[PDB]
Amino acid sequence: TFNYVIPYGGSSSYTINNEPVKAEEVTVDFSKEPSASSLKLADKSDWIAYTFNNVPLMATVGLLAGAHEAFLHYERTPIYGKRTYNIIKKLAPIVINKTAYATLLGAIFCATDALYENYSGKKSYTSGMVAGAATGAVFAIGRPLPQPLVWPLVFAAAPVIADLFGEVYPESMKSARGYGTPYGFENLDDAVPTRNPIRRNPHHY
Amino acid sequence: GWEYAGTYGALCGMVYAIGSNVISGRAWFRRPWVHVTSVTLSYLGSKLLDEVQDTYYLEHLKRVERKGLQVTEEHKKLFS
Amino acid sequence: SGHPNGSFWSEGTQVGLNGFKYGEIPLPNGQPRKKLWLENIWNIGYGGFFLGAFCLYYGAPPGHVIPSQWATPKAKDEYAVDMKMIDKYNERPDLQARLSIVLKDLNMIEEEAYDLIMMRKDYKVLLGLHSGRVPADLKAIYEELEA
Amino acid sequence: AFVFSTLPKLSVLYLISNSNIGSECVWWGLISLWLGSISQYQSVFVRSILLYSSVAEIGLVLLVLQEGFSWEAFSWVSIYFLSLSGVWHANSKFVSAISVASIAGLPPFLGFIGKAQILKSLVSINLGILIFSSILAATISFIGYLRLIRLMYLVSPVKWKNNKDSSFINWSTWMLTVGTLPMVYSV
Amino acid sequence: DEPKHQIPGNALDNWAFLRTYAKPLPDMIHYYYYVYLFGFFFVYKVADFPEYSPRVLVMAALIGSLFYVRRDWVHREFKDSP
Amino acid sequence: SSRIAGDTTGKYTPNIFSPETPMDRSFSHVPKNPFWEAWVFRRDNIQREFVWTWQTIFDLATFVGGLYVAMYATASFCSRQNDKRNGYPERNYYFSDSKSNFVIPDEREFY
Amino acid sequence: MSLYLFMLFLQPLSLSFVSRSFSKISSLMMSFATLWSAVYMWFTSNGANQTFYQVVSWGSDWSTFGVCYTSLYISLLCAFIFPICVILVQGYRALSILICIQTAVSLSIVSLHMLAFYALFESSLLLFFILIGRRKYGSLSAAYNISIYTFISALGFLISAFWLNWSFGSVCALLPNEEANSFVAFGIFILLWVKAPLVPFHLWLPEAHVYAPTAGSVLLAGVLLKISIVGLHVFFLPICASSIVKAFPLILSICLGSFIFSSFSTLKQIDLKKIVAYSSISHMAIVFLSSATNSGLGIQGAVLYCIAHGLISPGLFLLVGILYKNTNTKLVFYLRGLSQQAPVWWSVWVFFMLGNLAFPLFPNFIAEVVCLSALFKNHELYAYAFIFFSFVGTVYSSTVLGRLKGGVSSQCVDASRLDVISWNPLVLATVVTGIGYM
Amino acid sequence: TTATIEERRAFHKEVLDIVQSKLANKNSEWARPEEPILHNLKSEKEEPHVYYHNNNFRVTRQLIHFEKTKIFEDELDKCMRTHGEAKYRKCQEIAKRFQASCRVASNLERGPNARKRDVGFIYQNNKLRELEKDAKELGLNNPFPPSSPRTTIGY
Ligand SMILES: CCCCCCCCCCCCCCCCCC(=O)OC[C@H](COP(=O)([O-])OCC(O)COP(=O)([O-])OC[C@@H](COC(=O)CCCCCCCCCCCCCCCCC)OC(=O)CCCCCCCCCCCCCCCCC)OC(=O)CCCCCCCCCCCCCCCCC
Ligand SMILES: CCCCCCCCCCCCCCCCCC(=O)OC[C@H](COP(=O)([O-])OCC(O)COP(=O)([O-])OC[C@@H](COC(=O)CCCCCCCCCCCCCCCCC)OC(=O)CCCCCCCCCCCCCCCCC)OC(=O)CCCCCCCCCCCCCCCCC
Ligand SMILES: CCCCCCCCCCCCCCCCCC(=O)OC[C@H](COP(=O)([O-])OCC(O)COP(=O)([O-])OC[C@@H](COC(=O)CCCCCCCCCCCCCCCCC)OC(=O)CCCCCCCCCCCCCCCCC)OC(=O)CCCCCCCCCCCCCCCCC
Ligand SMILES: CCCCCCCCCCCCCCCCCC(=O)O[C@@H](COC(=O)CCCCCCCCCCCCCCC)COP(=O)(O)OCC[N+](C)(C)C
Ligand SMILES: CCCCCCCCCCCCCCCCCC(=O)O[C@@H](COC(=O)CCCCCCCCCCCCCCC)COP(=O)(O)OCC[N+](C)(C)C
Ligand SMILES: CCCCCCCCCCCCCCCCCCCC(=O)O[C@H](COC(=O)CCCCCCCCCCCCCC)COP(=O)(O)OCCN
Ligand SMILES: CCCCCCCCCCCCCCCCCCCC(=O)O[C@H](COC(=O)CCCCCCCCCCCCCC)COP(=O)(O)OCCN
Ligand SMILES: CCCCCCCCCCCCCCCCCCCC(=O)O[C@H](COC(=O)CCCCCCCCCCCCCC)COP(=O)(O)OCCN
C-alpha cells in the first residue's frame, strides 16, 4: 500500500478458490522417498522396540567421547618409563562409564517420548519437550543450583529445534519452486517449463 | 546488459588511482599518469565484463529453449 | 528599603551588565566581537530550510502537500447528494422496507441504513454488486433516491 | 599458505560437480561449519583464526556443491581468493581491514556477493537445520573477525614490515570494493 | 588510583593453579593420526548407518557436546597414577 | 594564578608555557570523590555480585514471567472479544489450536 | 529524488579532495546542501501520486529508490539533524566515519530493495565498531554488543530476503508479493525486534549511547532507531501482514513488557545518557505496536511519533554532551545547582524534558494521542495499559530534575555561543511541530 | 466459486488492455481514480495493476469520507449552538447523520485487528434488543439492561 490511509497488505477471498495448475507438464523427481528402515526406526508404537532401535546412536556417541578422553590420557602416559599400574585398568572405566551414561540418557529420552505419544495419542511438540525435560532432570540429579533449571530447559529445547527445523520447515516450503511462475501467482506471464530442472541425480552414497 | 557500465568503470578507475595514492601515503593528485591509465583500462574492462555477461545470458537462453522452457518472443527480447 | 529615591518612577540603580551572555566579555573600546566560523553557514542553511518549508506548506496548490485539501470540494458535492438521499429515505416508507431486506443479507443492522446510503460509491459495495455479494435491489434503491 | 588454501579447491570443486561426486550426508559440512566457527572464536593466534575460517566456509560450500550449485561455488572460490589476498599479504592495515571485512561477508565489498551466493543456494534446498546453524556459526565467526579488526586499530600501536611488493594486492582491494555492483546480478 | 575489579583468590594460589598447566606436552600428530584413520573408516561406515529421526540426531549431538572434554582439561588434570 | 584563555577578537593563543593557569573549559570541572567513583564502579558492574538463588529465581519468575503471562492472557481475551464483536470466525492464532483458517478478514466481504 | 541521491553520494566524495584543513567547513556546507536537496525532493513530491511520490531506478532492481510518506519524513529528519552532528565532531577521521555512516543510513531509507536495504544499512557495521570503541573515551564491550546484535538480526533478515527472491523471483517492494510462512516472517521480524530496542534485545542500545560520541549518539537516537519503522512499513507489513495478525497477542506481550521493564530499568540509572537511552527504549514500543495494528491511524501515528522522538531525544543528548564538556561528569549526584549555575542550559533542559514527558505544547503529545487512539481502536485495554504505566516515566524524570535543580555548587557551568547555535534549530522545530505543523 | 487458469490469464490480458488505454492519454489525476477496476480475483495482489489502482481508489474514497465527516460535524455544532435548550430535539437528525458518517469513515478501512467503531451505541443497542426478545419469548430473565430509545444525542 505504502500510504497512511488504508491498511497495508491485502486480503484473499475465502469463498473464491483457484484451481491447482501443475508447475510443469512432466515431473521428474530426484528426491528419493523415505526408506523402510527410516519408517521402522521412526515407529514409536512399541516403546521398548523404539528405544532399542535408536539407542545405538547414543552408545556410539558415548563411545567416541570416552575414546577421545581415554586417548588423551594414554597419549600422556610415558612409554619410556615402566608403569606400576595397568593402563587399561585405568582407561577402561572412562570409556565404559561415558558410554553407559550416554546410553542411559538416550534411553530415557526415547522411552519418555514414545510413552507420551502413545498416552496422548497425538504427535506434538510436547512429547519432545517432556522427554527432554526428563533427560535433563536425570542429568542434574546432584548438581548445584542453576543446573536443576538449565539442563531440563536445554534438553527440552533441543527436540523443539529438531521438530521446528526438521519437520515443520520442510513441509512449510514444499510448494515453492523458484522456476517458471511463482506458486501463488500463475496468472502472471512467466516462461512456463515443459519439465522441471534436475540440478542433480538421486544420491546413492 | 547494464546501461551504466562505462561510466561506472571510469569512476572506478578514479577510485583505483586515488586509493593507490592514499594507501602509499601520497596525496590523491600525485602520479597523474596513473589516473588516465586507470580510468581508461577500468572503462574498457567494465564494458568487456558487460558483454561477457550478456553472451553467457544468451547461451543460457539457447540451452533452456533446447531443453523445453517455452520462452516467448518477449522473453527472448529480455535477453539481448 | 522602599524604592531607591523614594519614588517608584526613578532611574534604575544598576548600571553595567547584569550578566555575561554566553560568558563573553565586552570589548573595551566597543570593538565588535569576531563572528564564529559557522554562524553565516548555519543561519543561511537552517533559515533556508524553514523558509522553504513555509513556502511549500502555503504556496503549493491544494493536494500537492496536504492531500485532504483536494478532497474538500468533492466532499461538499457528496454531502449535498447524501443530504438529498437521506431526506428522501425518511419520507418514503416503501424504500425503508426494501433497504431492510438489503441490509439483512449484508449482515447489517437496520440503524446502518444511513451508512449504506453513505457508502454508495465505495470499493466494498461497488465490487460486491458486481460479484453478487450485494443484492441487485440496492442499485434500484440507490437510483430511486436520485443515485 | 595463501596459494595452497585457495587454488587447489577449484579443481576439487570442478571434479565434484562434473563427475557427480555427491552424498546425501550433511553431517560433515555441518561439523565443518560449527567446529570451524567455535575454534576460530577460541584461537589466540591470528594464523589459526584465518585457517579455521576456511574450514567453516568450505564446509558450507561443500553442502551447497553436493546439491548441484556449481556456478555459485565457482564464483565463491574466486571472490575468496581475492578476499584472502590482502589479509595474508599483510603490508597495510587498511588493506587487511578491507580483506577481513570481505571474508566476513560484509555488504559494501565483493565478499558479500560470494557469501550471498552460497546462502541463497542454501534457502533453495530448504534444509532448516543447515540455515539455523549457518546463522549462529556466522555470528561466532564474526566475533573472531572483529577480534582481527580490534588487534589492528584498537589494542596497541602497530608497526609492520615495509614489504613494498603489493603486486596484485592493490588491484585485489580495488576489485573487492568496486566489483560488488557489476556482479549484483548474480544475487 | 582507579576503582578496579576484585580478583577472587590469593595471588600465589592462583599462580600455583596456573602452573599445573606446565606439564610435558605431547605432539598433536599422535591424536591426529588416529583421528584421521578412524575418521576415514567412520565415514565409510556412516553410509551404512540406519536413517535416524532428526530429534534423535539432535539429542545425540547434544550428548556428544556435553560429554566432549577439551584437550586442555585433561592436560591440567592428568596424573600418571592408578 | 589564573588568566583568561578565550579571546573574542580572534587573537587566541594557548599559553602552554604561561606561569598562570588558563581559565579553560577544565576550570569548571567537578572535583569528584573517591568513594562516589567506587560506588559508580560497583553499580555498573553489578553482574559480578549476581548469584543464582531460589529467592532470585522466585523474584525473576514472579515479576517478569508473571507480567508476561498476564499480558498474554489479557491480549488473548481481547482478541477473542474483538472476534465476537466484529462477527469474524475464530481466528487461527499461532498458539491457539483452531480448525479454522480465518486469519485476515476479506475487505470485500460483509461480516 | 535524483538530486538528493547525487548529493548523498557527493558528501563522502568531497572528503577525498578537500585540503584536510577545510574539511569541517566543506562538510557543513555539504550537509546543508543535502538538507536543501531533501527540501527539493519534498517540493517535487506530489501528493496526487498516492502510492509512491517518486521512484527512480538506475539500471537494476537493487538501484531502485523511492520515497513514500514514511521514507520522506525519515529522510527529512536525518538531513535536518546531520549538520548538528557535523559541527559537534572534530578531526578528519571522525568526519570521514560520520559522513560514511550518514550516507549509508540515508541511502537505506529510500531504498526499495530488501537486499540493497540490507547492503547499505549494514555497511555501517565496522564504522560503529571503531566509533564506539575509540581509543580513550570508547568501550570495546559496547562495540561488540552492537556489532554482534546487528549482525545476527541482519543475517536473519538476509535469509528471509533470499527465500523471497527464490520463491517470488523478486524482492523489490514495488512488486506485490504475499507470504504466509512464519519462518520468513520471523526472519524479517527479528531485525525489527533488535534494531528497534525491544525487550530482551535492547541491551546493545544503552552501552552504545553511553560510549558513543555526542554526534554519534545524536545520529543513533535520531534516525537509526527509526530505520526499524521504514523496514516495517516498506518490507514487513506489505508482505507479512498475515503473520503480524496471527501473532498479535504475542506482539502486544513483548511490546508492553518492553515498555514496562524499560521504564523500571530507567529508575535505576545514575548516568544522564543512560537515562535518555532507556527513555528511548520505552518510547519505541508504542511506535512498534501502533504500526503493528495495520490501520491508517497506527501507521501515521507511528511515523509522527518517530518524528517527535527524533526531535526530542537528540536535543536531550546534545544538552547532556554540552554539560559533560563543561563538567567532565555525567553522574547526576555530582551535578547540583544547575538551575542557578546554568539558567540558559536549565531552561532548554526542562523544555526538552517536558517534551519527553509528552506535554501538550510538544509534538510528543499529538503523536501519542494518535498512537493511543489507534490502540483504542484495537481494544480499550490496550490503550489503558500504556496510559497508566506512563506514570513511571514521570517518576524518574522528576527525580532527575529535582536532583539536578538545587543544591550547593561552586562552578559556573553554562553553555557558550556555539552550544546555543547547536540547539536553536531543534528548539524551533520542536515548537513548530508542537503547534500542529507535524 | 472456482477460477480456472484460462479465465485468470484472460483477465490478465484484459487488464493489460486497460493499462494500455490509460497510458494513451496523460492524466494528472491518474492516482486519484473515480472508479475501481471490477474483478473476481481471489487475491487482488494476483494482478498488480488492479491492486494499485483500486488501492488508490480506496485512498481517494477515504479522504472524501474524512472531509465529509468534518462537514457533518460543522453543521451539527452550528445546529447545537443555534437552538439552545431545544438542541436535544432539533439536532437529533443532524447528529444521526454525523454519527453515520463517522462509522462509515472508520469502519470501511479499520484493518485486520481493529474492531468496529460503535458510534451512537447502535450495535450494543441491537444486541440488547435481540437479548430481550429471546429472554421474553423463552421465559428467561435477562441480566442486561433493555434497549434504550436514545443512548446518544442522535443514534
Ligand atoms: C569497473 C567494474 C569492474 C569490471 C572489470 C574491471 C576491469 C578490471 C581491470 C581494470 C584494471 C584497472 C586498474 C589498474 C589500472 C592500471 C594501473 C595503472 O594505472 O598504471 C600503473 C602504472 C604505475 O606507475 P608508477 O606508480 O609510476 O610505478 C611505475 C614505476 O615508475 C616503475 O618504473 P618503470 O621502470 O617500471 O617504468 C616503466 C613504466 C612506468 O613509468 C612511469 O609510469 C613514469 C610515468 C610515465 C611517463 C609519464 C606519462 C606521460 C603521459 C601521461 C599523461 C598524464 C596527463 C596528466 C598531466 C597532463 C599533462 C599535459 O613506463 C611506462 O609508462 C610504460 C608505458 C609507456 C608510455 C609512456 C608515455 C608515452 C608518452 C605519452 C604517450 C601519449 C602522449 C599523449 C599526451 C601526453 C600528455 C597528456 O602506471 C603506468 O605505468 C603508466 C603507463 C602509461 C603511462 C600513461 C600513458 C597514457 C597516455 C597519455 C594520455 C593520452 C590519453 C590516453 C588514451 C590514449 C592512450 C594512448
Ligand atoms: C571522473 C572525474 C573525477 C570525479 C570523482 C569521481 C570518482 C568516483 C569516486 C572516486 C573517489 C576516490 C575514492 C576514494 C579512494 C580512497 C578511499 C579511502 O582510502 O578511504 C579513506 C579515505 C580517507 O582516509 P585517509 O585519512 O586519507 O587515510 C587512509 C589511509 O590509507 C589509512 O588510514 P588508517 O590506517 O588510519 O585507517 C583508519 C580507518 C579505520 O579503520 C577502518 O575503519 C577500516 C574499516 C574497513 C572499511 C570500512 C568498512 C565500511 C565502509 C563502508 C563504505 C563507505 C560508504 C558507505 C556507503 C554504502 C555503500 C554500500 O579509517 C579510515 O580509513 C576512514 C574510515 C571511513 C572510510 C571507509 C570507507 C573506505 C572504503 C574503501 C575505500 C576504497 C579503497 C579502494 C582501494 C583502491 C586500490 C588500493 O577516504 C575518505 O576521505 C572517506 C572515504 C570515502 C569513501 C569513498 C570510497 C568509495 C567506497 C564506497 C563503496 C562503493 C563502491 C565503490 C564505488 C565508488 C564510485 C565508483
Ligand atoms: C582414539 C582417537 C581419539 C578420538 C576418538 C574418535 C576418533 C574420531 C572418529 C570419527 C571422527 C568423526 C566424528 C567425530 C566428530 C567430528 C569432529 C572432528 O573429527 O574434528 C576433528 C577433531 C580435532 O580437530 P581440532 O581442529 O584439532 O580441534 C578443534 C577444537 O578446537 C579442539 O580444541 P578443544 O578440545 O580444546 O576445544 C573444544 C571446542 C571445539 O568446539 C567444538 O567441539 C565444536 C562442536 C560443536 C558441534 C559440532 C557440530 C555438531 C553437528 C553434528 C552432526 C550430526 C548430528 C546432525 C544433527 C545435529 C544438529 C546440530 O569445544 C569446546 O570448547 C567444548 C564444548 C564442546 C561442544 C560445544 C557445544 C556446546 C553445546 C551444548 C550447549 C549446552 C550448554 C548449555 C549451558 C551453557 C551455560 C552458559 O577431532 C575430534 O575432536 C574427534 C573427537 C571425537 C569425540 C566427539 C564426541 C561426539 C561426536 C559426535 C557428536 C557431535 C558433536 C561434536 C562434539 C565435539 C566434537 C569435536
Ligand atoms: C572482467 C575483469 C574482472 C574479472 C577479474 C579477473 C580477470 C582479471 C583481469 C585483470 C587482471 C589484472 C591483474 C593485475 C595484476 C597487477 C599487476 C602486477 O602484479 O604487476 C606486478 C608484476 O610483478 C612481477 O612479478 C613481474 C613478473 C610478471 C610481469 C607480468 C607478466 C606479463 C605476462 C603476460 C600476460 C599477458 C596475458 C597473456 C595473454 C592473455 C608488479 O608489482 P611488483 O613490482 O611485484 O610490486 C609492486 C610494489 N608496489 C605496488 C607497492 C609499488
Ligand atoms: C526565547 C523565546 C522568546 C520569544 C517568545 C516568543 C513568544 C511566542 C508567542 C506565543 C504564540 C502563541 C500563539 C498560539 C497560536 C498558534 C499560532 C498558529 O498556529 O497560527 C495559526 C493561526 O491561528 C492563530 O493565529 C491563532 C491566533 C493567536 C492569537 C489568539 C489569542 C492569543 C491567546 C493565546 C491562546 C492560544 C491557545 C491555543 C492552544 C493551542 C495558523 O493558522 P492555519 O493556517 O490554520 O495553520 C494550520 C493549523 N496548524 C498550525 C495546526 C497546521
Ligand atoms: C529459537 C526458538 C527456540 C525456543 C526459545 C525459547 C526460549 C528457550 C527456553 C527453553 C524452553 C524450552 C523450549 C520451549 C519453547 C516452546 C514454546 C512453548 C510453547 C508451548 O508450550 O506450546 C507448544 C508449541 O510450541 C512449540 O513448541 C513451538 C514454538 C517454537 C518456539 C518459539 C519460536 C520463536 C521463539 C524465538 C524467540 C526469540 C529467539 C531467541 C531465542 C505445544 O504445542 P503442541 O503442538 O504440542 O500442542 C499441545 C498438544 N499436546
Ligand atoms: C516461569 C515463569 C512464569 C512463572 C510465574 C507465572 C505466574 C503468573 C501466573 C498468573 C499471571 C496472572 C494471571 C494471568 C493468567 C491466568 C491464567 C491464564 C488462563 C486465562 O487466560 O484465563 C483468563 C485470565 O484472565 C485474564 O485475562 C488475565 C487477568 C490477569 C491480568 C490482569 C492482572 C494483572 C494486571 C497488571 C497489568 C498486566 C496486563 C496489562 C494488559 C480468563 O479466562 P478467559 O475468560 O479469558 O478464557 C480463556 C480460557 N483459558
Ligand atoms: C514462545 C513465544 C514466541 C516468541 C515470539 C514472540 C512474538 C514474535 C512474533 C513475530 C511475528 C511474526 C513471526 C512469525 C511467527 C514467529 C513465532 C510465532 C510463535 C510460534 O513460534 O508459532 C510456531 C509457528 O511458527 C513457526 O513454526 C516458526 C517459528 C519461528 C522460527 C524461529 C527461528 C526462525 C528463523 C528463520 C530465519 C529466516 C528463515 C527464512 C527461510 C508454533 O505455533 P503452531 O502454529 O505450530 O501451534 C502449535 C501450538 N499448539
# chains A, B, ... in the order shown; residues from 1 in each chain; ligands from 1
>>> closest_atom_pairs(of="chain D", to="ligand 4", cutoff="12 Å", atoms="only C-alpha atoms and all ligand atoms", output="CSV")
residue,atom,partner,partner_atom_place_in_ligand_line,distance
D:75,CA,ligand 4,4 (C),10.7
D:78,CA,ligand 4,6 (C),8.5
D:79,CA,ligand 4,5 (C),9.5
D:81,CA,ligand 4,6 (C),10.9
D:82,CA,ligand 4,5 (C),9.3
D:85,CA,ligand 4,15 (C),12.0
D:89,CA,ligand 4,51 (C),11.6
D:90,CA,ligand 4,51 (C),11.9
D:91,CA,ligand 4,51 (C),9.2
D:92,CA,ligand 4,51 (C),10.3
D:110,CA,ligand 4,5 (C),11.6
D:162,CA,ligand 4,51 (C),9.4
D:163,CA,ligand 4,51 (C),7.9
D:164,CA,ligand 4,51 (C),4.3
D:165,CA,ligand 4,46 (O),3.6
D:166,CA,ligand 4,47 (C),4.4
D:167,CA,ligand 4,42 (O),3.4
D:168,CA,ligand 4,16 (C),4.2
D:169,CA,ligand 4,16 (C),7.7
D:170,CA,ligand 4,50 (C),7.2
D:171,CA,ligand 4,14 (C),5.8
D:172,CA,ligand 4,14 (C),7.9
D:173,CA,ligand 4,14 (C),11.0
D:174,CA,ligand 4,14 (C),10.3
D:175,CA,ligand 4,5 (C),7.6
D:176,CA,ligand 4,5 (C),10.2
D:178,CA,ligand 4,3 (C),10.1
D:179,CA,ligand 4,3 (C),7.8
D:180,CA,ligand 4,3 (C),11.1
D:182,CA,ligand 4,3 (C),9.3
D:183,CA,ligand 4,3 (C),9.6
>>> write_last_selection(atoms="N, CA and C atoms", output="mmCIF file, in the first residue's frame")
data_model
loop_
_atom_site.group_PDB
_atom_site.id
_atom_site.type_symbol
_atom_site.label_atom_id
_atom_site.label_comp_id
_atom_site.auth_asym_id
_atom_site.auth_seq_id
_atom_site.Cartn_x
_atom_site.Cartn_y
_atom_site.Cartn_z
ATOM 1 N N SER D 75 31.994 -19.085 -8.332
ATOM 2 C CA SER D 75 32.156 -17.660 -8.047
ATOM 3 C C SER D 75 32.729 -17.430 -6.651
ATOM 4 N N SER D 78 36.606 -17.734 -6.332
ATOM 5 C CA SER D 78 37.338 -16.583 -6.854
ATOM 6 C C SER D 78 37.223 -15.382 -5.924
ATOM 7 N N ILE D 79 36.015 -15.119 -5.423
ATOM 8 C CA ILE D 79 35.846 -13.993 -4.514
ATOM 9 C C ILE D 79 36.634 -14.231 -3.228
ATOM 10 N N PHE D 81 39.478 -16.040 -3.046
ATOM 11 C CA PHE D 81 40.876 -15.771 -3.379
ATOM 12 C C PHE D 81 41.181 -14.287 -3.256
ATOM 13 N N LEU D 82 40.349 -13.452 -3.882
ATOM 14 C CA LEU D 82 40.596 -12.014 -3.831
ATOM 15 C C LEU D 82 40.506 -11.484 -2.404
ATOM 16 N N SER D 85 43.592 -12.505 -0.342
ATOM 17 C CA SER D 85 44.881 -11.999 -0.806
ATOM 18 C C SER D 85 45.424 -10.914 0.119
ATOM 19 N N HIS D 89 48.832 -11.346 2.648
ATOM 20 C CA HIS D 89 49.951 -10.484 2.274
ATOM 21 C C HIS D 89 49.824 -9.134 2.981
ATOM 22 N N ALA D 90 49.834 -9.197 4.311
ATOM 23 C CA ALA D 90 49.585 -8.009 5.115
ATOM 24 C C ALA D 90 50.767 -7.054 5.039
ATOM 25 N N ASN D 91 50.531 -5.886 4.444
ATOM 26 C CA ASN D 91 51.527 -4.825 4.387
ATOM 27 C C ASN D 91 50.943 -3.530 4.932
ATOM 28 N N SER D 92 49.662 -3.298 4.663
ATOM 29 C CA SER D 92 48.946 -2.130 5.150
ATOM 30 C C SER D 92 47.757 -2.568 5.994
ATOM 31 N N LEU D 110 32.964 -7.102 -2.260
ATOM 32 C CA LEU D 110 32.608 -8.249 -3.089
ATOM 33 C C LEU D 110 32.428 -9.527 -2.277
ATOM 34 N N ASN D 162 57.849 -2.981 6.047
ATOM 35 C CA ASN D 162 57.590 -2.203 4.843
ATOM 36 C C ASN D 162 57.945 -3.062 3.628
ATOM 37 N N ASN D 163 57.146 -4.107 3.423
ATOM 38 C CA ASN D 163 57.363 -5.034 2.313
ATOM 39 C C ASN D 163 56.572 -4.511 1.124
ATOM 40 N N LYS D 164 57.185 -3.591 0.376
ATOM 41 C CA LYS D 164 56.510 -2.908 -0.726
ATOM 42 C C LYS D 164 56.587 -3.764 -1.990
ATOM 43 N N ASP D 165 55.833 -4.858 -1.962
ATOM 44 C CA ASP D 165 55.729 -5.788 -3.078
ATOM 45 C C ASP D 165 54.270 -6.166 -3.291
ATOM 46 N N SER D 166 53.387 -5.165 -3.276
ATOM 47 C CA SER D 166 51.954 -5.383 -3.477
ATOM 48 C C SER D 166 51.665 -5.480 -4.976
ATOM 49 N N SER D 167 52.044 -6.625 -5.544
ATOM 50 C CA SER D 167 51.873 -6.879 -6.968
ATOM 51 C C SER D 167 50.409 -6.776 -7.376
ATOM 52 N N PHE D 168 49.567 -7.655 -6.835
ATOM 53 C CA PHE D 168 48.136 -7.624 -7.101
ATOM 54 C C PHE D 168 47.314 -7.270 -5.869
ATOM 55 N N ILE D 169 47.950 -6.805 -4.791
ATOM 56 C CA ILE D 169 47.212 -6.529 -3.560
ATOM 57 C C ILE D 169 46.331 -5.295 -3.717
ATOM 58 N N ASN D 170 46.884 -4.218 -4.280
ATOM 59 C CA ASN D 170 46.086 -3.021 -4.519
ATOM 60 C C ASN D 170 44.964 -3.307 -5.507
ATOM 61 N N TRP D 171 45.260 -4.080 -6.552
ATOM 62 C CA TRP D 171 44.230 -4.450 -7.514
ATOM 63 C C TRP D 171 43.148 -5.302 -6.861
ATOM 64 N N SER D 172 43.536 -6.197 -5.950
ATOM 65 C CA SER D 172 42.563 -7.045 -5.266
ATOM 66 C C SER D 172 41.661 -6.232 -4.344
ATOM 67 N N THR D 173 42.236 -5.281 -3.604
ATOM 68 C CA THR D 173 41.419 -4.405 -2.764
ATOM 69 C C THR D 173 40.478 -3.554 -3.609
ATOM 70 N N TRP D 174 40.986 -3.018 -4.721
ATOM 71 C CA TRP D 174 40.142 -2.276 -5.647
ATOM 72 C C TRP D 174 39.013 -3.149 -6.181
ATOM 73 N N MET D 175 39.315 -4.404 -6.516
ATOM 74 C CA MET D 175 38.301 -5.311 -7.038
ATOM 75 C C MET D 175 37.269 -5.662 -5.975
ATOM 76 N N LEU D 176 37.691 -5.788 -4.716
ATOM 77 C CA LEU D 176 36.747 -6.085 -3.645
ATOM 78 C C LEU D 176 35.792 -4.922 -3.423
ATOM 79 N N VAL D 178 35.125 -2.317 -5.622
ATOM 80 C CA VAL D 178 34.397 -1.971 -6.842
ATOM 81 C C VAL D 178 33.414 -3.058 -7.263
ATOM 82 N N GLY D 179 33.848 -4.318 -7.272
ATOM 83 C CA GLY D 179 33.174 -5.362 -8.030
ATOM 84 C C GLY D 179 31.779 -5.709 -7.558
ATOM 85 N N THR D 180 31.352 -5.184 -6.410
ATOM 86 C CA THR D 180 30.051 -5.548 -5.858
ATOM 87 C C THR D 180 28.922 -5.210 -6.823
ATOM 88 N N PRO D 182 28.868 -4.418 -10.251
ATOM 89 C CA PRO D 182 28.771 -5.177 -11.510
ATOM 90 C C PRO D 182 28.249 -6.599 -11.347
ATOM 91 N N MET D 183 28.618 -7.289 -10.267
ATOM 92 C CA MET D 183 28.257 -8.688 -10.046
ATOM 93 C C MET D 183 26.961 -8.850 -9.269
#
>>> residues_near_ligand(ligand="ligand 3", cutoff="7 Å", atoms="only C-alpha atoms and all ligand atoms", output="ChimeraX atom specification")
/A:61-62,64-65,67-68,71,150,154 /D:27,30-31,34-35,38-39,129 /E:31,34-35,38-39,42,54,57-58,60-62,64-72
>>> residues_near_ligand(ligand="ligand 5", cutoff="6 Å", atoms="only C-alpha atoms and all ligand atoms", output="PyMOL selection string")
chain G and resi 435-437
>>> closest_residue(among="A:136, A:34, A:193, A:170", to="chain D", atoms="only C-alpha atoms")
A:170
>>> interface_residues(of="chain D", to="chain E", cutoff="9 Å", atoms="only C-alpha atoms", output="list in words")
residues 23, 24 and 25 of chain D
>>> write_last_selection(atoms="C-alpha atoms", output="compact mmCIF listing (two decimals), in the first residue's frame")
# COMPACT_ATOMS: atom_id res chain seq x y z
CA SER D 23 26.50 -37.67 -0.95
CA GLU D 24 23.20 -37.44 0.91
CA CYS D 25 25.01 -36.90 4.23
>>> residues_around(residues="residue 117 (chain A)", least_positions_apart="3", cutoff="12 Å", atoms="only C-alpha atoms", output="ChimeraX atom specification")
/A:43-47,50,110-114,120-131
>>> interface_residues(of="chain H", to="chain A", cutoff="12 Å", atoms="only C-alpha atoms", output="VMD selection string")
chain H and resid 1 to 13 15 to 16 39 to 49 51 to 66 105 to 114
>>> select_by_dssp(residues="region 113-149 of chain A", states="helix (DSSP H, G or I)", output="ChimeraX atom specification")
/A:113-120,125-139,146-149
>>> residues_around(residues="residue 95 (chain C)", least_positions_apart="5", cutoff="10 Å", atoms="only C-alpha atoms", output="ChimeraX atom specification")
/C:88-90,100,141-142,144-145
>>> residues_around(residues="region 55-70 of chain F", least_positions_apart="6", cutoff="9 Å", atoms="only C-alpha atoms", output="count of residues only")
5
>>> decode(residues="region 97-101 of chain F", atoms="N, CA, C and O atoms", output="compact mmCIF listing (two decimals), in the first residue's frame")
# COMPACT_ATOMS: atom_id res chain seq x y z
N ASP F 97 -4.97 -23.60 18.94
CA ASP F 97 -5.22 -24.71 18.02
C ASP F 97 -6.67 -24.62 17.56
O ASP F 97 -7.58 -25.06 18.27
N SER F 98 -6.88 -24.05 16.38
CA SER F 98 -8.20 -23.85 15.81
C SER F 98 -8.28 -24.56 14.47
O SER F 98 -7.32 -24.54 13.70
N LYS F 99 -9.43 -25.18 14.20
CA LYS F 99 -9.62 -25.90 12.94
C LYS F 99 -10.23 -24.98 11.89
O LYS F 99 -10.89 -25.44 10.95
N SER F 100 -10.00 -23.68 12.04
CA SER F 100 -10.41 -22.68 11.06
C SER F 100 -9.19 -21.97 10.52
O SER F 100 -8.20 -21.76 11.23
N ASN F 101 -9.25 -21.60 9.24
CA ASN F 101 -8.15 -20.94 8.56
C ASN F 101 -8.30 -19.43 8.50
O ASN F 101 -7.49 -18.76 7.86
